[PDB]
Amino acid sequence: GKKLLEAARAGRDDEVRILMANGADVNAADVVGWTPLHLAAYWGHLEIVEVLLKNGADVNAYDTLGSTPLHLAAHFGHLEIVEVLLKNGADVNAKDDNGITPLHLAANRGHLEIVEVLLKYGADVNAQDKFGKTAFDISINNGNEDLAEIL
Amino acid sequence: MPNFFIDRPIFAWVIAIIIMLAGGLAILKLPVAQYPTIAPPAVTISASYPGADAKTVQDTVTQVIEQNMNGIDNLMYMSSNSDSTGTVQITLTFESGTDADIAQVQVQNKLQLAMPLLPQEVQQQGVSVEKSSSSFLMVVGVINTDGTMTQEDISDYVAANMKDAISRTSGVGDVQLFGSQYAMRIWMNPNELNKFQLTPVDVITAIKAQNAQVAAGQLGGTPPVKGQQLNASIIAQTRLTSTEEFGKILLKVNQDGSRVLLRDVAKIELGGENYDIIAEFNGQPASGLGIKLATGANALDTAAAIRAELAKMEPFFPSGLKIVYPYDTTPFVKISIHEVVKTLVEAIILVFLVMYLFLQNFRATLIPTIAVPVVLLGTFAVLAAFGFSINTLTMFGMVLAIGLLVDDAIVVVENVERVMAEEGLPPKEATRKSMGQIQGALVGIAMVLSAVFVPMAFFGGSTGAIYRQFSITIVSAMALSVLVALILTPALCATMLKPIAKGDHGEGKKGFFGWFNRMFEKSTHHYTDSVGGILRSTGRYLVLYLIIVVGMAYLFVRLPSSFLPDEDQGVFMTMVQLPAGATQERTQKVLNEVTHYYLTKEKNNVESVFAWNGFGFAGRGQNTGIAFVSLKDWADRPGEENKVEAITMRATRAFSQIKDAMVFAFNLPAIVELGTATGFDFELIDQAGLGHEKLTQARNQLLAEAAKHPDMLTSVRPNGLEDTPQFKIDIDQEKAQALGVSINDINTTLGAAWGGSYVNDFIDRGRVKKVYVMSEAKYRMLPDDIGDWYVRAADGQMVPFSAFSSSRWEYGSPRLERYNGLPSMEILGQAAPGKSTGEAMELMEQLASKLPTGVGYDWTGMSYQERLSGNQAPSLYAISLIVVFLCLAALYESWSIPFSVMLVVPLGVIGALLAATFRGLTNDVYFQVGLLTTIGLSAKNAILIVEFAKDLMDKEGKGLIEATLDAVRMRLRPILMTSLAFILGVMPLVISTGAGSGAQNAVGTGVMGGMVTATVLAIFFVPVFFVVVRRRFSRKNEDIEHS
Amino acid sequence: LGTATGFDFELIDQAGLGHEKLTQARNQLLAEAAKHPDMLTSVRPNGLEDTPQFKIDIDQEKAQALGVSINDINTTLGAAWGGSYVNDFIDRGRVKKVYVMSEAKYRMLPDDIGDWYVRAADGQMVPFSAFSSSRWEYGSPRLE
Amino acid sequence: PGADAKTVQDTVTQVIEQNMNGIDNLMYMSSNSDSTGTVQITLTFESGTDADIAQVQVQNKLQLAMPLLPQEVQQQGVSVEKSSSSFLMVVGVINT
Amino acid sequence: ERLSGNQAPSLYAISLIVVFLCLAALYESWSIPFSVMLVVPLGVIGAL
Ligand SMILES: CN(C)c1ccc(O)c2c1C[C@H]1C[C@H]3[C@H](N(C)C)C(O)=C(C(N)=O)C(=O)[C@@]3(O)C(O)=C1C2=O
């Protein structure tokens, strides 16, 4: 149970394969509700993401503050992992406990490509967080003229 | 000089007595300690930021101080860590030989100028600057066996009543308290605060206003009105002194006139200043004191004073308070003193035995019994003059010098007995002739042995500091020994020895002794016969010599080296590490299981377990802990299986089953202030602003590469802590401004409630202490609790934190490291079996060179010394060889004859290497100094053989072969008597077990082996060396006698 | 060096007993010593005896009811009666200190305390007598 | 300025005293705090102590306690002086 | 005083011993020193 999580955090492939091959819960969650997919998306281990999804890892698992692997990957600029998660059924409009969506996070960092991918997959451009702010608002406040356009 | 004192034997006695008197006084007065200063001087700056995370500490405190650490002399490197307990330690390490007071003052001065740039919360905790490389003298524990006190109650008692009387005790210098004096704790309730529209800001304001000490002037104060008759101090508010007074602090007067008091929104109690560390002694609450020895202080005096002082205190302890002593280096040091005096006393006895065996009268056996103590006593006076202490190293230096001192006594006495027997001269006149045969050589030997032992003293760093202890001790004893041999022992020979009839060799004695004399006379003739036949074909034995030289080199490169042997010091350590995010309570259960194991499965060996929950050797934190295990006395732990090394391997095995933590037991190094010895100490460094995440990636890259060379690198691991989940909370500035909630009130509410805040001071039973506010625990545990805290807006409405903030999980560091002012990560490791640490180091550097651009590295600690101290060994021994040759050239008035002494060197070395190799020991510092003293003795034996032979040719006209054989005939007996006494006298050290036997075994084993092969081989090879050297470098008729 | 003659003894409160209990112990020792004039001569304390001092208690409730801040109260009392170093000025080219204090005739006697007024939040001036009380007690002019 | 003995002692004297450790060759320490608002803390060292080193070690420990003293005290200057040296002279200045 | 009272006897014991030893060397005799050393009280009584 726990060997999978730190294996996925470390980015140790064959280990992970041996652990589902030996029966490790792909949906095992640490104390803050992070799953191996959360950890792999966070640190950016694209191949691990594919292997856990190939093995039935909940693509929409959420941690104790409502955040999903897609949030992590959008936030930190892991474009290919965003694509993979989205092709495997990642909820493009999932909201964490703050109302924040992957589009908000990707917008906040300026990851133009992720924003376009999320939009192509149906990201609600008008979704508001708990403060009433949309990805457009974020782009204005940041001064990002390139992003402010696409939105 | 010898003739002067032969005629003045009382003057010679007076000189010897005054020497003994000076040494005895030096012994009564010198510092005694386990080790002298060996570690390079280090100064540590410590600061604290209550409630702060690692990054906050590092970027508001650590970097600020580091940027001002320049302009400081003799600095080798600087390292720092900043952690999640809100603590930073910055350690500056200086060259060996730096004056530690000057280094501390220069660091403090630079710190001082950076103090106004630190947060006031940090300044108000005190920023300390301490000498951190000094050794621990003892660890005192304080418990309450009545069970009536928390660790906070005990810590307060220690702080208020104990800790300063200890600091004032004779020889103490530096004391760490385990815990704190009491703080007044105000534990706030956010439900009650919100009910009255209050915040922690209002609480803090009221405490500062109503727990205050006011200066109010005087009635009739100066300058006064004319005719004033009254003068009195005005006494206005004074600090509060009790929980009851803090409870009635008036926060608010309601609309209906009712009163809101502090006790209506908070619980109020005396508590600790912080709660990050739980300390237990055999599972009971504990406080205590870590007590360091001041530089150059006497450890046995300080320890005994501390213990009598704490006894001065016991009558006044509250019921149940008990003092325990889990660590005290005093017992081990006294063991060491006792073992060395034992070795010395039994060496004296064995010299008496060999003296009487060979010379068969009690009169002659008295002279070495007098001379050796005189020299030993006197060496202490020389040490005093040079400022050394009595310590493990100086004391073993004396036992390693016993061979040389015994030899000066034997050589003087035996030669007079020989001259009397061979010439019937009376004692007085035989002593004058005999001193004439040997005193020039004795002075040459002193210069030669100086050349052997002095260059050691000029090694750098820590290992230079260790060798210097042996070098000055041995040279001083040897120098004093030659003085005594020119002043006192001749006088004693002349006045005490009884004449021997010419030609009388005791073969006409009865019983065992008559048999022995005929046996030994016969044996000597066989020896000279055998040497004479060896000299007929010298080429064959030269070939044998080369064989020996080659085998010595072979043995030398195959023998693993090391530093100092581990000892059973009666204590050892166990480390405890739980996963990321693990809590104090979970660590405590693991520590409770560790404690229980030692006190049941090792009930017979373990006296106590001192368990600290919250700090470890990888860093600090709720998921870290240490258990310090103190054993029963060595006497009650008989057998190998009951020694530290075996106990610790069982424990680690037993703790492999515990799955919720990593638990490892290990022995202390011999010199704990140094740690380490084994392995290497590598620093990976972010040199391009890459940031912490990219640094960790590089580190993980290096660690995986190293794992792909288990042939060379073993256990390459980071020294510190992995990233962990942290709770990132973002304040929405726009919403706060729309609601009229000031950011200051927000950040103070959050920090004071969740982190706690030092407000001001109060007076507790006459003593000034701190006041802290913080949330009661149950309102600051979980993210859900964040929204229970309210802040008052400008319009008076209370606004919950949930209205203007948001949160998410992320990863960050609980312990950020820096090296020479740049982010760093320390990596530990060692050479694989049968590999050099030097080549392992080379592999690390090669792996490291592949890492991404902007990542560099450095070596620190044990490895920095090596990387700056490898060119020394060849050039310092080259110096020794050259000066030895030159001293010999002067002694003999000859550029070639020195070679016939110098060739003896491998003869003793091969035996040392064999005994170490056969016994599975290492090339460590005790082995190395043994080598020099074995080599010293063998060279001295050769100097006197060659001196006798050359003087026979020069002053008596004898031919080469006849002079050579007569020389070794005369020298066989004194050579054998010294070697027999010395080999026997080292025997207890070779076989010793128990307290201190790591060192004893290491000094005894290579010396015994080398004495054997030096004795057996030299008596055949140096006649060969002299004959072949004289034949190769000559000119005209030396094989024939002349006039 | 001073001294030479005699002895120099320190009595020490080692249990949080407080100043009054320390003085009592001292007086006990001093009287005992006086009962051995055969051996001890002129055993006396080196320092000063307790003296009357004027204890003034600020009523926090009344100050809050009147809207008078404790900071203004303690600053008014301390600056007027004790004096206060404010900042520096330049006197003939040389930097020196600026002090405020009451003129002597308004800070001599307890009656003068009530002549000092503090401004409340609503702008009214409130005399010290409205929110304080006072009594005589004993304390030390020199604590060792 | 303006402080009574107890106020001096409990906001200044005790604070400094609690930081007077880690100082070499110290024989004893004594202090008085008085009604003129003055404190003197005297640290006496073994005969033969180098007085410059003792003053520097005392100052260094004082320095780290300075942020804990009232600003009114810091602003008067906290001095550290060798106090066992002898008087060479006393000069008086009058205006006749 | 309370830390310097054991000094006077042991330092004069040292003085006596070293004086004896210097005299023994000067005279080449363990006994003749006594005939000098006994003079000590003669001057001391007049001083007193
Ligand atoms: C690392 N070190 C010196 C140790 C070792 C063993 C210990 O058992 C302890 C320390 C630090 C000390 C410092 C003290 C400190 N002080 C003397 C009051 C202090 O308030 C702190 C701090 N570093 O913020 C503690 O954690 C502390 O309360 C504590 O619990 C300690 C403690 O228990």
# chains A, B, ... in the order shown; residues from 1 in each chain; ligands from 1

call {"tool": "residues_near_ligand", "arguments": {"ligand": "ligand 1", "cutoff": "8 Å", "atoms": "only C-alpha atoms and all ligand atoms", "output": "list in words"}}
result
residues 47, 48, 49, 50, 85, 86, 87, 176, 177, 178, 179, 180, 181, 272, 273, 274, 275, 276, 277, 278, 279, 287, 288, 290, 612 and 615 of chain B

call {"tool": "residues_around", "arguments": {"residues": "residue 70 (chain D)", "least_positions_apart": "5", "cutoff": "9 Å", "atoms": "only C-alpha atoms", "output": "PDB file with N, CA, C and O atoms, in the first residue's frame"}}
result
ATOM      1  N   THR D  11      13.447  44.478  34.887  1.00  0.00           N
ATOM      2  CA  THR D  11      13.480  44.669  33.450  1.00  0.00           C
ATOM      3  C   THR D  11      14.888  44.737  32.890  1.00  0.00           C
ATOM      4  O   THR D  11      15.034  44.676  31.669  1.00  0.00           O
ATOM      5  N   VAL D  12      15.913  44.907  33.733  1.00  0.00           N
ATOM      6  CA  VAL D  12      17.274  45.098  33.239  1.00  0.00           C
ATOM      7  C   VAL D  12      18.214  44.121  33.887  1.00  0.00           C
ATOM      8  O   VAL D  12      18.863  43.312  33.195  1.00  0.00           O
ATOM      9  N   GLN D  75      18.674  53.344  25.054  1.00  0.00           N
ATOM     10  CA  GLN D  75      18.953  54.693  24.539  1.00  0.00           C
ATOM     11  C   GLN D  75      19.856  55.522  25.450  1.00  0.00           C
ATOM     12  O   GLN D  75      20.388  56.549  25.007  1.00  0.00           O
TER      13      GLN D  75
END

call {"tool": "atom_distance", "arguments": {"atom1": "CA of residue 20 (chain E)", "atom2": "CA of residue 488 (chain B)"}}
result
18.7 Å

call {"tool": "closest_residue", "arguments": {"among": "E:9, E:34, E:39, E:44", "to": "residue 21 (chain E)", "atoms": "only C-alpha atoms"}}
result
E:34

call {"tool": "closest_atom_pairs", "arguments": {"of": "chain B", "to": "chain E", "cutoff": "10 Å", "atoms": "only C-alpha atoms", "output": "CSV"}}
result
residue,atom,partner,partner_atom,distance
B:7,CA,E:28,CA,9.7
B:8,CA,E:28,CA,6.7
B:9,CA,E:28,CA,7.8
B:10,CA,E:28,CA,5.5
B:11,CA,E:25,CA,4.2
B:12,CA,E:25,CA,8.0
B:13,CA,E:25,CA,8.4
B:14,CA,E:21,CA,5.7
B:15,CA,E:25,CA,8.6
B:17,CA,E:21,CA,8.3
B:18,CA,E:18,CA,7.6
B:21,CA,E:14,CA,9.1

call {"tool": "write_last_selection", "arguments": {"atoms": "C-alpha atoms", "output": "PDB file, in the first residue's frame"}}
result
ATOM      1  CA  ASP B   7      82.702  11.809  41.318  1.00  0.00           C
ATOM      2  CA  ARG B   8      79.568  13.557  42.689  1.00  0.00           C
ATOM      3  CA  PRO B   9      76.927  10.859  43.126  1.00  0.00           C
ATOM      4  CA  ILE B  10      74.902  12.934  45.591  1.00  0.00           C
ATOM      5  CA  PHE B  11      74.712  15.890  43.213  1.00  0.00           C
ATOM      6  CA  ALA B  12      73.446  13.395  40.589  1.00  0.00           C
ATOM      7  CA  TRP B  13      70.869  12.082  43.073  1.00  0.00           C
ATOM      8  CA  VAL B  14      69.796  15.712  43.793  1.00  0.00           C
ATOM      9  CA  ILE B  15      69.239  16.366  40.086  1.00  0.00           C
ATOM     10  CA  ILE B  17      65.099  14.013  42.851  1.00  0.00           C
ATOM     11  CA  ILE B  18      64.427  17.566  41.678  1.00  0.00           C
ATOM     12  CA  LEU B  21      59.720  16.543  42.348  1.00  0.00           C
TER      13      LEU B  21
END

call {"tool": "select_by_dssp", "arguments": {"residues": "region 254-361 of chain B", "states": "helix (DSSP H, G or I)", "output": "JSON, numbers by chain"}}
result
{"B": [262, 263, 264, 299, 300, 301, 302, 303, 304, 305, 306, 307, 308, 309, 310, 311, 312, 313, 314, 315, 316, 330, 331, 332, 333, 334, 335, 336, 337, 338, 339, 340, 341, 342, 343, 344, 345, 346, 347, 348, 349, 350, 351, 352, 353, 354, 355, 356, 357, 358, 359]}

call {"tool": "write_last_selection", "arguments": {"atoms": "N, CA and C atoms", "output": "short mmCIF file (atom, residue, chain, number, x, y, z; two decimals), in the first residue's frame"}}
result
data_model
loop_
_atom_site.label_atom_id
_atom_site.label_comp_id
_atom_site.auth_asym_id
_atom_site.auth_seq_id
_atom_site.Cartn_x
_atom_site.Cartn_y
_atom_site.Cartn_z
N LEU B 262 -9.46 38.02 30.70
CA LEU B 262 -8.66 37.08 29.92
C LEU B 262 -9.06 35.65 30.22
N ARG B 263 -9.36 35.32 31.48
CA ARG B 263 -9.77 33.94 31.76
C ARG B 263 -11.12 33.56 31.14
N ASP B 264 -11.86 34.51 30.57
CA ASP B 264 -13.10 34.22 29.84
C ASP B 264 -12.86 33.80 28.40
N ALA B 299 39.21 17.53 33.57
CA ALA B 299 37.93 16.85 33.54
C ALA B 299 37.62 16.10 34.83
N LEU B 300 38.63 15.47 35.44
CA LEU B 300 38.37 14.75 36.68
C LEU B 300 38.03 15.69 37.82
N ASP B 301 38.62 16.89 37.83
CA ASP B 301 38.30 17.85 38.87
C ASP B 301 36.89 18.40 38.69
N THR B 302 36.58 18.83 37.47
CA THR B 302 35.26 19.36 37.16
C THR B 302 34.15 18.34 37.46
N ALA B 303 34.30 17.10 36.99
CA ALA B 303 33.26 16.11 37.24
C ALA B 303 33.01 15.92 38.72
N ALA B 304 34.08 15.73 39.50
CA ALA B 304 33.90 15.49 40.93
C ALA B 304 33.31 16.70 41.63
N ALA B 305 33.64 17.90 41.16
CA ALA B 305 33.04 19.10 41.73
C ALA B 305 31.55 19.17 41.42
N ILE B 306 31.16 18.87 40.18
CA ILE B 306 29.75 18.93 39.80
C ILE B 306 28.95 18.00 40.70
N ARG B 307 29.49 16.82 40.95
CA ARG B 307 28.76 15.80 41.69
C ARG B 307 28.66 16.15 43.17
N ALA B 308 29.69 16.79 43.74
CA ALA B 308 29.58 17.28 45.11
C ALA B 308 28.66 18.48 45.18
N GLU B 309 28.69 19.34 44.17
CA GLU B 309 27.78 20.49 44.15
C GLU B 309 26.31 20.04 44.11
N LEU B 310 25.99 19.09 43.24
CA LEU B 310 24.62 18.58 43.19
C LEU B 310 24.23 17.90 44.49
N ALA B 311 25.21 17.39 45.25
CA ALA B 311 24.94 16.86 46.58
C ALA B 311 24.73 17.97 47.59
N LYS B 312 25.40 19.11 47.41
CA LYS B 312 25.11 20.29 48.21
C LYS B 312 23.66 20.73 48.03
N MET B 313 23.00 20.27 46.98
CA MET B 313 21.71 20.79 46.57
C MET B 313 20.55 19.88 46.96
N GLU B 314 20.78 18.56 46.92
CA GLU B 314 19.81 17.51 47.20
C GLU B 314 18.92 17.73 48.41
N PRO B 315 19.43 18.23 49.55
CA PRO B 315 18.52 18.45 50.70
C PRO B 315 17.36 19.37 50.38
N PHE B 316 17.54 20.29 49.44
CA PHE B 316 16.55 21.33 49.16
C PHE B 316 15.67 21.00 47.97
N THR B 330 34.32 10.53 33.08
CA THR B 330 35.25 10.28 34.19
C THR B 330 35.57 8.81 34.39
N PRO B 331 34.61 7.90 34.54
CA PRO B 331 34.98 6.47 34.70
C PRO B 331 35.92 5.94 33.63
N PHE B 332 35.63 6.19 32.34
CA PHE B 332 36.49 5.66 31.28
C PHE B 332 37.90 6.23 31.39
N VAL B 333 38.01 7.51 31.74
CA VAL B 333 39.33 8.13 31.87
C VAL B 333 40.12 7.50 33.01
N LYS B 334 39.49 7.31 34.18
CA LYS B 334 40.17 6.64 35.29
C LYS B 334 40.57 5.22 34.93
N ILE B 335 39.70 4.48 34.22
CA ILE B 335 40.11 3.18 33.71
C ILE B 335 41.41 3.32 32.93
N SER B 336 41.45 4.30 32.01
CA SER B 336 42.63 4.52 31.17
C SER B 336 43.88 4.83 32.00
N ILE B 337 43.75 5.74 32.98
CA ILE B 337 44.86 6.04 33.88
C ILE B 337 45.34 4.78 34.58
N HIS B 338 44.40 4.00 35.11
CA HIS B 338 44.77 2.82 35.88
C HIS B 338 45.48 1.80 34.99
N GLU B 339 44.99 1.60 33.76
CA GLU B 339 45.62 0.63 32.87
C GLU B 339 47.03 1.05 32.48
N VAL B 340 47.27 2.35 32.30
CA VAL B 340 48.61 2.77 31.89
C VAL B 340 49.59 2.67 33.06
N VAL B 341 49.16 3.04 34.27
CA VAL B 341 50.04 2.89 35.42
C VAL B 341 50.33 1.41 35.66
N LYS B 342 49.31 0.57 35.49
CA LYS B 342 49.48 -0.88 35.57
C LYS B 342 50.54 -1.36 34.58
N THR B 343 50.41 -0.94 33.33
CA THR B 343 51.36 -1.35 32.31
C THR B 343 52.76 -0.90 32.68
N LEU B 344 52.88 0.33 33.18
CA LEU B 344 54.17 0.89 33.57
C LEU B 344 54.76 0.12 34.74
N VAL B 345 53.94 -0.20 35.74
CA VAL B 345 54.43 -0.87 36.95
C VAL B 345 54.87 -2.28 36.63
N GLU B 346 54.08 -2.97 35.82
CA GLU B 346 54.46 -4.32 35.46
C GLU B 346 55.64 -4.34 34.48
N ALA B 347 55.83 -3.29 33.68
CA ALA B 347 57.06 -3.20 32.89
C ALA B 347 58.28 -3.10 33.79
N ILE B 348 58.20 -2.29 34.84
CA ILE B 348 59.30 -2.16 35.79
C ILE B 348 59.64 -3.52 36.42
N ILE B 349 58.61 -4.26 36.84
CA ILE B 349 58.81 -5.57 37.44
C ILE B 349 59.51 -6.51 36.47
N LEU B 350 59.10 -6.51 35.20
CA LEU B 350 59.69 -7.44 34.24
C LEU B 350 61.12 -7.06 33.90
N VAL B 351 61.46 -5.77 33.95
CA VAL B 351 62.86 -5.37 33.79
C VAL B 351 63.72 -5.85 34.97
N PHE B 352 63.20 -5.75 36.19
CA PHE B 352 63.85 -6.36 37.36
C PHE B 352 64.13 -7.84 37.13
N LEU B 353 63.14 -8.56 36.60
CA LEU B 353 63.26 -9.99 36.40
C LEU B 353 64.34 -10.32 35.37
N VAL B 354 64.35 -9.60 34.24
CA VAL B 354 65.34 -9.86 33.20
C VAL B 354 66.73 -9.40 33.66
N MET B 355 66.81 -8.31 34.43
CA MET B 355 68.09 -7.84 34.96
C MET B 355 68.73 -8.88 35.86
N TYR B 356 67.93 -9.49 36.74
CA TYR B 356 68.46 -10.46 37.67
C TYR B 356 68.71 -11.80 36.99
N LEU B 357 67.91 -12.15 35.98
CA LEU B 357 68.17 -13.37 35.23
C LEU B 357 69.55 -13.33 34.60
N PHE B 358 69.88 -12.22 33.95
CA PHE B 358 71.13 -12.15 33.21
C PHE B 358 72.30 -11.67 34.05
N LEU B 359 72.08 -10.84 35.05
CA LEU B 359 73.20 -10.30 35.80
C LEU B 359 73.24 -10.74 37.24
#

call {"tool": "interface_residues", "arguments": {"of": "chain A", "to": "chain B", "cutoff": "12 Å", "atoms": "only C-alpha atoms", "output": "PyMOL selection string"}}
result
chain A and resi 2-3+5-6+9-12+30-34+38-39+42-44+62-69+71-72+75-76+96-100+105+129-133+141

call {"tool": "residues_around", "arguments": {"residues": "residue 58 (chain A)", "least_positions_apart": "4", "cutoff": "9 Å", "atoms": "only C-alpha atoms", "output": "ChimeraX atom specification"}}
result
/A:26-27,35,37,52-53

call {"tool": "closest_residue", "arguments": {"among": "B:113, B:752, B:915, B:646", "to": "chain D", "atoms": "only C-alpha atoms"}}
result
B:113

call {"tool": "closest_atom_pairs", "arguments": {"of": "chain C", "to": "chain B", "cutoff": "8 Å", "atoms": "only C-alpha atoms", "output": "JSON lines"}}
result
{"residue": "C:14", "atom": "CA", "partner": "B:161", "partner_atom": "CA", "distance": 7.5}
{"residue": "C:15", "atom": "CA", "partner": "B:161", "partner_atom": "CA", "distance": 7.8}
{"residue": "C:16", "atom": "CA", "partner": "B:765", "partner_atom": "CA", "distance": 5.3}
{"residue": "C:17", "atom": "CA", "partner": "B:765", "partner_atom": "CA", "distance": 7.7}
{"residue": "C:18", "atom": "CA", "partner": "B:766", "partner_atom": "CA", "distance": 6.6}
{"residue": "C:51", "atom": "CA", "partner": "B:232", "partner_atom": "CA", "distance": 7.8}
{"residue": "C:52", "atom": "CA", "partner": "B:232", "partner_atom": "CA", "distance": 6.3}
{"residue": "C:53", "atom": "CA", "partner": "B:232", "partner_atom": "CA", "distance": 5.0}
{"residue": "C:54", "atom": "CA", "partner": "B:234", "partner_atom": "CA", "distance": 4.8}
{"residue": "C:55", "atom": "CA", "partner": "B:235", "partner_atom": "CA", "distance": 4.7}
{"residue": "C:56", "atom": "CA", "partner": "B:236", "partner_atom": "CA", "distance": 5.1}
{"residue": "C:57", "atom": "CA", "partner": "B:236", "partner_atom": "CA", "distance": 6.1}
{"residue": "C:58", "atom": "CA", "partner": "B:237", "partner_atom": "CA", "distance": 7.5}
{"residue": "C:60", "atom": "CA", "partner": "B:250", "partner_atom": "CA", "distance": 7.0}
{"residue": "C:61", "atom": "CA", "partner": "B:253", "partner_atom": "CA", "distance": 7.2}
{"residue": "C:64", "atom": "CA", "partner": "B:253", "partner_atom": "CA", "distance": 7.1}
{"residue": "C:65", "atom": "CA", "partner": "B:253", "partner_atom": "CA", "distance": 7.3}
{"residue": "C:70", "atom": "CA", "partner": "B:209", "partner_atom": "CA", "distance": 6.6}
{"residue": "C:71", "atom": "CA", "partner": "B:209", "partner_atom": "CA", "distance": 7.2}
{"residue": "C:74", "atom": "CA", "partner": "B:214", "partner_atom": "CA", "distance": 7.0}
{"residue": "C:77", "atom": "CA", "partner": "B:216", "partner_atom": "CA", "distance": 6.0}
{"residue": "C:78", "atom": "CA", "partner": "B:216", "partner_atom": "CA", "distance": 4.4}
{"residue": "C:79", "atom": "CA", "partner": "B:216", "partner_atom": "CA", "distance": 7.8}
{"residue": "C:81", "atom": "CA", "partner": "B:217", "partner_atom": "CA", "distance": 4.9}
{"residue": "C:82", "atom": "CA", "partner": "B:217", "partner_atom": "CA", "distance": 3.6}
{"residue": "C:83", "atom": "CA", "partner": "B:217", "partner_atom": "CA", "distance": 7.3}
{"residue": "C:104", "atom": "CA", "partner": "B:224", "partner_atom": "CA", "distance": 5.6}
{"residue": "C:105", "atom": "CA", "partner": "B:225", "partner_atom": "CA", "distance": 6.0}
{"residue": "C:107", "atom": "CA", "partner": "B:219", "partner_atom": "CA", "distance": 6.7}
{"residue": "C:108", "atom": "CA", "partner": "B:220", "partner_atom": "CA", "distance": 4.5}
{"residue": "C:109", "atom": "CA", "partner": "B:219", "partner_atom": "CA", "distance": 5.6}
{"residue": "C:110", "atom": "CA", "partner": "B:219", "partner_atom": "CA", "distance": 7.1}

call {"tool": "interface_residues", "arguments": {"of": "chain C", "to": "chain E", "cutoff": "12 Å", "atoms": "only C-alpha atoms", "output": "PyMOL selection string"}}
result
chain C and resi 4+6-9

call {"tool": "closest_residue", "arguments": {"among": "D:46, D:72, D:4, D:52", "to": "residue 142 (chain C)", "atoms": "only C-alpha atoms"}}
result
D:4

call {"tool": "residues_around", "arguments": {"residues": "residue 69 (chain D)", "least_positions_apart": "5", "cutoff": "12 Å", "atoms": "only C-alpha atoms", "output": "PyMOL selection string"}}
result
(chain B and resi 123-124+126+760-761) or (chain D and resi 7-17+62-64+74-78)

call {"tool": "select_by_dssp", "arguments": {"residues": "region 104-280 of chain B", "states": "strand (DSSP E)", "output": "VMD selection string"}}
result
chain B and resid 128 to 131 136 to 144 172 to 177 183 to 188 218 to 219 232 to 235 250 to 253 259 to 261 266 to 271 278 to 280

call {"tool": "residues_around", "arguments": {"residues": "residue 106 (chain A)", "least_positions_apart": "6", "cutoff": "10 Å", "atoms": "only C-alpha atoms", "output": "PyMOL selection string"}}
result
chain A and resi 71-79+112-116+118+135

call {"tool": "residues_around", "arguments": {"residues": "residue 127 (chain C)", "least_positions_apart": "5", "cutoff": "12 Å", "atoms": "only C-alpha atoms", "output": "MDAnalysis selection string"}}
result
chainID C and resid 62:63 66 68 73 76:77 111:120 132

call {"tool": "residues_around", "arguments": {"residues": "region 23-34 of chain C", "least_positions_apart": "4", "cutoff": "9 Å", "atoms": "only C-alpha atoms", "output": "ChimeraX atom specification"}}
result
/C:11,18-19,39-45,49
